[PDB]
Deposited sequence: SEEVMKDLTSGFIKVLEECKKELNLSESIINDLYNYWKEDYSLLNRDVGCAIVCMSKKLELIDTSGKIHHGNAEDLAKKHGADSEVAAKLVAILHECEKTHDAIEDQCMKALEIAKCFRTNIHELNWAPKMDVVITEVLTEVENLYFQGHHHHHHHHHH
């Protein structure tokens, strides 16, 4: 995950700030997230074989991060609905940033780090 972040950082030539952005993303401050944060999430998603989003590998990643059967299913359900909502976004970098924000914001009522 750090492996995949570090790889993507070198491939896409991102500053150390991408760390600041993903931390901010996670604490639900989206105001300063730019397209490149989207490109980072596409890059990481591909390397984790999460990419259209792959349902099965999503559930695997979720359990892999300590999600039980029930919560993993809820997470991927929320991720799919976000993916549908923003399916029509041209720019696949912007599409990923928007899905990621939709996802993070709508997983509120779930115990998952």
Residues of the deposited sequence that never got C-alpha coordinates are 1 to 11, 63 to 66, 129 to 159
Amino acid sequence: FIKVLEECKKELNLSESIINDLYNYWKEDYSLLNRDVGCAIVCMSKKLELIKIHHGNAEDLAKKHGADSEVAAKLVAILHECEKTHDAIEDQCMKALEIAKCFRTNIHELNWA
From here on, numbers count along this sequence of modelled residues.
Would you tell me which stretch averages the higher CA B-factor in the PDB entry, 89 to 97 or 19 to 27? 89 to 97
Of 58 to 66 vs 74 to 82, the stretch with the larger average CA B-factor in the entry is 58 to 66
Member of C43, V37, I53, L32 with the greatest C-alpha B factor (per the PDB record): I53
